[PDB]
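A.B. asks: Sharing a structure, written as structure tokens. Questions coming.
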Amino acid sequence: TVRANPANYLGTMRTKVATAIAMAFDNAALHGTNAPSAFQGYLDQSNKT
Amino acid sequence: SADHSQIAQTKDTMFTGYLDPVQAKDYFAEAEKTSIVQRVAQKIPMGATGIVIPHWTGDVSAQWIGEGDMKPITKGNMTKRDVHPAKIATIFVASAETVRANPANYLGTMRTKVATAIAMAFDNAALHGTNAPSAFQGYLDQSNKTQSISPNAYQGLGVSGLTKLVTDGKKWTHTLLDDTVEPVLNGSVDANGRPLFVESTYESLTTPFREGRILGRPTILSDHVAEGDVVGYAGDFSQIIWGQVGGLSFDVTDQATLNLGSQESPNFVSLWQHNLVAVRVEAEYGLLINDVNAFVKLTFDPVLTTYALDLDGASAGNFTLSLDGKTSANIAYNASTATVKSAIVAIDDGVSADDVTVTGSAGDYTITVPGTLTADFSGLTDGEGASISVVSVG
Amino acid sequence: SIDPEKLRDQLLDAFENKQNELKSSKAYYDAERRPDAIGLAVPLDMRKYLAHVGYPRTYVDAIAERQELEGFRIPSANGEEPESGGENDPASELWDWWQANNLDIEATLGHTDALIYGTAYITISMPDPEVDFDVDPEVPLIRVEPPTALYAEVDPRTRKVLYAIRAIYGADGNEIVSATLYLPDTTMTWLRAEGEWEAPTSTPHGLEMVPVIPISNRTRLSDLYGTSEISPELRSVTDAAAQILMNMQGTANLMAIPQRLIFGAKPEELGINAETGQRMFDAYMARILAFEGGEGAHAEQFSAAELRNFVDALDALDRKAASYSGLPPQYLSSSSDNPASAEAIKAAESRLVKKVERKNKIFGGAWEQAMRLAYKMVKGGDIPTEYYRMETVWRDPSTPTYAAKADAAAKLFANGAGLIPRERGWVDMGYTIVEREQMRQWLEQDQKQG
Amino acid sequence: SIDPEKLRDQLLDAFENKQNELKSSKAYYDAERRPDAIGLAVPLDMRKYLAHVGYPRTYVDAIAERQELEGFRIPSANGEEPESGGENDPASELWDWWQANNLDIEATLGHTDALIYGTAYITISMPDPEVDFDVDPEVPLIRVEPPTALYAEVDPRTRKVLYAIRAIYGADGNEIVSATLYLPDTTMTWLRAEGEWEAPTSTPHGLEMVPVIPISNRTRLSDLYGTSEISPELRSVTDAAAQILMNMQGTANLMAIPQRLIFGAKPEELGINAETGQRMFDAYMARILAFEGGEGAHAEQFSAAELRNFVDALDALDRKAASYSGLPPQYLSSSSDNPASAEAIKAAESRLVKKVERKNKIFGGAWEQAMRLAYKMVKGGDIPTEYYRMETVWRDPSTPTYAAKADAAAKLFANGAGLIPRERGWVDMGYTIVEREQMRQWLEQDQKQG
């Protein structure tokens, strides 16, 4: 699969993974969804609506 | 580390004599075995994708007509067959300081020894089929034809053997012989006792044993073609094609991890932590024989042949066996072992109830016979997918 | 007869077998780990702290560093020697093929491998401009190969090469990736094995002998093949000085501090922690320790090892390494006595200079044959017999004491009047074969200007 | 045959793998923490006081700072003229591009990397209209890059490069901001904006060879890629001296002071405050202490360590660090004595001078190849075959004793009646290829007045 790299699967994969890295940041900082304990807060914690 | 292990080289027993007045290379080791099929079959370009071979087949035709007879209509036809590569591989392992020392040039010598083993594995997979990967289509021993050469080769090859090819409408273009054949060519004599294949006062080596042609066809020699009871072949070697996707591709690491055990039960060792170097080797051959029936197997004295007869899924009608082209009366797919024996000996010529043997249950027969055996399954009214194959010498 | 495609694998085998010898001297020049270098008094877990030693590099460098070739003399017909370094002169063409191949660069590398391994090889071909290169396609491609890549079988009767093989390895996998075979009347090459395996190519050559010349460090006629310059004496004082450095290094960690003991006073009377066998005493500078009766206690010390006991042995091994190498004594720092004067310089260098001058003669013979073959290879026909007498001109290998020569060359010339002709003043100054030709062209201009 | 997009990632992976070897040598030149440097006698709370030893930096700086290129030399077609003057001769053409790229700044940096890492790469390109303001639009843009940023598959069968990749890292850490790939006929650049490669902007080129040339620190002929100049011997004496310095420093913090004990003395009789374990010794001058004598009470002391017992081993390692590097002894400060006369200088520097002459010849072959490519790149066509024979004139790397040279050369020339043509006396004086032209102009004018 690496020798052939059909449909540029490897190149495509790195772009899709890099996208998922970013979404895993924003959904950790906005809504806390899977936030690591090292993050000091997330915006949905506000008491104001 | 894991010292003297069966699986790695570590200053084991072999290197007890090293770095002293050791007697050079020795005077007794034989040269590395060359491949054989790779010098007789045409090499065909092979991609990692495999290849499609097209083939014409349509029985297109024309008719004689009178004036004013309206002209007939016809259609051609074509078909295709796929071929794929298959990998062969090995690994070998030594202590990193063994690689620095390179005692008896072992890490160099090993690269030649694995190359020979990989070449030999291709020839065994092509000739006798011994371990052939499922992607290889056909092997030479799978032929339904055999010939003896014992009393003299000339009658064996040029008369009898050729008859068994041309009667099937298949031609003879090459012959391939093992070194163990030399006594039966040297012993091939006329009635006066003069050899046929060598000239007077007998200085010269016997003609085909110089790779000279026999009756127009080139001779190919080998030191390792023989197996079981087969000593060589005669046939149309244009019916074989082979390829290689890439070279032997040596690769090396000081840093990976190996399973010295099995997938079912592992025994991992780090190459880094035990300080071992490992070499990884692979090649990617491929093979197709267009028709395995195009070859006569050569045998050093007369033999029986044995066949597996397969009627899997057969459910209605009857099948016809044939010996040297003479058809039996038809047989039911449900018939007894002894019924099949009685039917084959009812072919009008040469057969007997004491030489012919039949074994196995109904629909799964094994037939042992003094000849070429062929089958017509077209009388089966339902349950196609029936087949026949050779399985060993009898 | 023998088939060349069989002789190929036979010579590849003999070439791989030779490599097991060369590892011995490579380990001294690169300073790799060696068993006999390891200092035995150092404890087993400290054996990782290997001390390496630089005598063999220092010596082999200091010879090859001095050698340079200026040009060639080919003797004239019937006394014609005043003529130029230009003008298509026989001796100048053989110097153009030196510059065009940049052998100025490559031969100082090749002479270093000739010292390290006792041999290197010079090889010759017309170039194939059918592959794109940065070479003048007229010039014969004289090139140098190390014994780690080329192997040649000498006939011991004639001392000629019978045949030779050049191999090259593709990457860190240490597979062989092309094999070129030289035979008396042809060069034949399994041009690459770039993946797959090879297919051959061949080019016959005008010579009646193999176009490969061994350049070799043969030190007396009993050498049919050159010895490595890293002599057994120098190896033994290298490995000895490695042990002394390593034992001293371990001693500085484990024993340079006098160890302190108390006797009598009980561990429970000190109040040591029973889980870990110690107290954190406060240990700042002013303090005094009061230890109670200790049931009749006393304090005492093991002495430090004193490292000067090793340094006197390191100095003795430096004097031995200076003696067996023949370098100036300050190259190993064995005396700080730098030569105050232009005489005292070449006093100290005299055993190095006389060694380099022998190496210039011993290598000059290889560069005769490399050029004599290259003439026949290019020009065809036969060698004009004046070329059988050609000899290399090397540079003076001593320190360039420039101002100390100017007094002498001025006084010997004394304007027109003195005992030497002008040209000899330039030769004694050491202006090179190429430079003295440039000189005549400037002197003509100063003469025409007046 | 091959495809750029996959070849780009194939080289980029090999380039990232190469960066794991290089930093092991950088840790010597940059003097970062090495696991082998830590002094094993120092207790585990003080091992944060690293001691960093400057032998590697000293050695590479001392070579790399003494290398200067005066200019090229190119031979004339029949030897017609010694120098063809300032009228745009083939040599001053190449020298114009040297100044126009400020290569006299960039080269001495590139040589420092060639010595640290074993290699660094020259590269050649035409300047863009669109990008790179501040260069003369006619000259070829020739620039040099380290092996921490450019990598090339050197082809061992041919000594050319198959292909090469330049990877620009961003301001902080692991982000590649762009990659540029060099082919035998083409160049491609991907910028890596928003985590993605953009489309490869690309140019053809007028060579049929990759426009990248390696400088390599080739120690000897079989060193096929060039080693670091910080050789295993010099690494070893660097790490060895780091340990001795660290133990010696730790000893002064703990052990260079006598430790004072009292036996027999009951802590209660001495009035120790029993909840703290101390009492305040008022230390001023001659205040005599007094005690009761029970339990045979007496004062005794552990001795201090001699710090000199380390220093007299540091003085031994400095003599090794000189011996393995060939620096003039006073560069290690091995001793106070230093050469009193021009004669003593020329001998004292005699290793380091010939080492630099050897490096100049090895790096000269890279600047020759870079100029031959630069010539094809602007000028087109096949190169005039005199350029295969060109040479680089480096400055004399020895300490310039101008007064001794002046007295000597004035004696050879003797107001024109001596054994030297005027402008040889200039290159003996060491005035450069570029400087002497101004003396031809000034002399031509001075002849109008005397």
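Scheme for the structure tokens: letters A, B, ... for chains in order shown; per-chain residue numbers from 1; ligand numbers from 1 in order shown.
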For stretch 270-278 of chain B, work out the shell of residues within 7 Å, counting only C-alpha atoms and skipping chain neighbours fewer than 6 positions away, then give it as a list in words.

C.D. replies: residues 1, 91, 92, 93, 94, 95, 96, 252, 253, 254, 255, 256, 257 and 258 of chain B

A.B. asks: Dump as a count of residues only the residues of chain A that approach chain D to within 12 Å, counting only C-alpha atoms.

C.D. replies: 20

A.B. asks: Quick one: residues within 10 Å of residue A:45, only C-alpha atoms, excluding same-chain residues fewer than 3 positions away - as a ChimeraX atom specification?

C.D. replies: /A:30-32,41-42,48

A.B. asks: Just write the chosen residues, N, CA, C and O atoms, as a short mmCIF file (atom, residue, chain, number, x, y, z; two decimals), in the first residue's frame.

C.D. replies:
data_model
loop_
_atom_site.label_atom_id
_atom_site.label_comp_id
_atom_site.auth_asym_id
_atom_site.auth_seq_id
_atom_site.Cartn_x
_atom_site.Cartn_y
_atom_site.Cartn_z
N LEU A 30 -13.80 25.05 23.52
CA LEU A 30 -15.15 25.60 23.56
C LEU A 30 -16.02 24.82 24.55
O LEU A 30 -16.41 25.35 25.59
N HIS A 31 -16.29 23.55 24.27
CA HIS A 31 -17.29 22.77 24.99
C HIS A 31 -16.69 21.71 25.93
O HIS A 31 -17.43 20.98 26.58
N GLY A 32 -15.37 21.59 26.00
CA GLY A 32 -14.71 20.70 26.96
C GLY A 32 -14.77 19.21 26.64
O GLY A 32 -14.35 18.40 27.46
N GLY A 41 -9.59 25.62 31.48
CA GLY A 41 -11.04 25.87 31.40
C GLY A 41 -11.63 25.62 30.02
O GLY A 41 -10.90 25.29 29.09
N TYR A 42 -12.94 25.79 29.86
CA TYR A 42 -13.61 25.79 28.56
C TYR A 42 -14.84 26.70 28.55
O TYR A 42 -15.49 26.84 29.58
N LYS A 48 -23.31 32.58 32.49
CA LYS A 48 -24.17 33.55 31.79
C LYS A 48 -24.72 32.98 30.49
O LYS A 48 -23.96 32.49 29.66
#

A.B. asks: Quick one: residues within 10 Å of residue B:206, only C-alpha atoms, excluding same-chain residues fewer than 4 positions away - as a PDB file with N, CA and C atoms, in the first residue's frame?

C.D. replies:
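The new file out11.pdb reads:
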ATOM      1  N   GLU B 182      23.257 -38.810 -17.747  1.00  0.00           N
ATOM      2  CA  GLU B 182      24.423 -39.090 -18.596  1.00  0.00           C
ATOM      3  C   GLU B 182      24.680 -40.584 -18.854  1.00  0.00           C
ATOM      4  N   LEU B 185      22.307 -41.827 -21.833  1.00  0.00           N
ATOM      5  CA  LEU B 185      22.857 -41.383 -23.114  1.00  0.00           C
ATOM      6  C   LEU B 185      24.181 -42.057 -23.464  1.00  0.00           C
ATOM      7  N   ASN B 186      25.141 -42.170 -22.554  1.00  0.00           N
ATOM      8  CA  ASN B 186      26.373 -42.899 -22.853  1.00  0.00           C
ATOM      9  C   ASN B 186      26.087 -44.363 -23.198  1.00  0.00           C
ATOM     10  N   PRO B 195      27.872 -46.486 -29.487  1.00  0.00           N
ATOM     11  CA  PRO B 195      27.005 -45.433 -28.985  1.00  0.00           C
ATOM     12  C   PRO B 195      26.353 -44.651 -30.119  1.00  0.00           C
ATOM     13  N   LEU B 196      25.125 -44.168 -29.935  1.00  0.00           N
ATOM     14  CA  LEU B 196      24.507 -43.277 -30.916  1.00  0.00           C
ATOM     15  C   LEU B 196      25.017 -41.836 -30.787  1.00  0.00           C
ATOM     16  N   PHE B 197      25.047 -41.266 -29.586  1.00  0.00           N
ATOM     17  CA  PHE B 197      25.298 -39.833 -29.395  1.00  0.00           C
ATOM     18  C   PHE B 197      26.775 -39.420 -29.249  1.00  0.00           C
ATOM     19  N   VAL B 198      27.734 -40.238 -29.678  1.00  0.00           N
ATOM     20  CA  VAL B 198      29.156 -39.855 -29.721  1.00  0.00           C
ATOM     21  C   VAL B 198      29.901 -40.569 -30.848  1.00  0.00           C
ATOM     22  N   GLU B 199      30.899 -39.914 -31.434  1.00  0.00           N
ATOM     23  CA  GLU B 199      31.630 -40.384 -32.620  1.00  0.00           C
ATOM     24  C   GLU B 199      32.890 -41.200 -32.304  1.00  0.00           C
ATOM     25  N   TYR B 202      35.868 -41.860 -29.443  1.00  0.00           N
ATOM     26  CA  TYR B 202      35.207 -41.537 -28.188  1.00  0.00           C
ATOM     27  C   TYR B 202      35.955 -40.566 -27.266  1.00  0.00           C
ATOM     28  N   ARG B 210      27.047 -31.619 -24.292  1.00  0.00           N
ATOM     29  CA  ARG B 210      27.686 -30.329 -24.610  1.00  0.00           C
ATOM     30  C   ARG B 210      26.668 -29.215 -24.875  1.00  0.00           C
ATOM     31  N   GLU B 211      25.429 -29.395 -24.418  1.00  0.00           N
ATOM     32  CA  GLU B 211      24.257 -28.592 -24.806  1.00  0.00           C
ATOM     33  C   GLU B 211      23.992 -28.588 -26.323  1.00  0.00           C
ATOM     34  N   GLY B 212      24.477 -29.599 -27.047  1.00  0.00           N
ATOM     35  CA  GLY B 212      24.112 -29.823 -28.443  1.00  0.00           C
ATOM     36  C   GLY B 212      22.634 -30.184 -28.600  1.00  0.00           C
TER      37      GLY B 212
END

A.B. asks: Need to verify the contact set: residue A:35, 12 Å, only C-alpha atoms, exclusion of same-chain residues closer than 6 positions in sequence. Can you return it as a list in words?

C.D. replies: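 With the cut-off at 12 Å, the set is residues 23, 24, 25, 26, 27, 28, 29, 41, 42 and 43 of chain A.
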
A.B. asks: Take the residues from that selection and write them out as a short mmCIF file (atom, residue, chain, number, x, y, z; two decimals), in the first residue's frame, keeping N, CA and C atoms.

C.D. replies:
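Contents of out_15.cif, as written:
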data_model
loop_
_atom_site.label_atom_id
_atom_site.label_comp_id
_atom_site.auth_asym_id
_atom_site.auth_seq_id
_atom_site.Cartn_x
_atom_site.Cartn_y
_atom_site.Cartn_z
N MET A 23 -9.90 19.99 15.13
CA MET A 23 -11.22 19.83 15.73
C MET A 23 -11.14 19.33 17.18
N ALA A 24 -10.20 18.44 17.49
CA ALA A 24 -9.98 17.99 18.85
C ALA A 24 -9.44 19.10 19.77
N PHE A 25 -8.90 20.20 19.23
CA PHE A 25 -8.55 21.38 20.01
C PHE A 25 -9.77 22.25 20.27
N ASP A 26 -10.49 22.65 19.23
CA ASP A 26 -11.62 23.56 19.39
C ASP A 26 -12.72 22.95 20.25
N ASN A 27 -13.09 21.69 20.02
CA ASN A 27 -14.10 21.05 20.85
C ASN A 27 -13.60 20.73 22.27
N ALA A 28 -12.30 20.87 22.54
CA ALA A 28 -11.78 20.84 23.90
C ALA A 28 -11.81 22.22 24.55
N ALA A 29 -11.55 23.29 23.81
CA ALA A 29 -11.51 24.65 24.36
C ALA A 29 -12.88 25.33 24.45
N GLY A 41 -9.59 25.62 31.48
CA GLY A 41 -11.04 25.87 31.40
C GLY A 41 -11.63 25.62 30.02
N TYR A 42 -12.94 25.79 29.86
CA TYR A 42 -13.61 25.79 28.56
C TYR A 42 -14.84 26.70 28.55
N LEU A 43 -15.16 27.34 27.43
CA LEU A 43 -16.10 28.47 27.41
C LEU A 43 -17.50 28.12 27.92
#

A.B. asks: Could you check which of B:376, B:168, B:291, B:178 is closest to residue B:232, using only C-alpha atoms?

C.D. replies: B:178
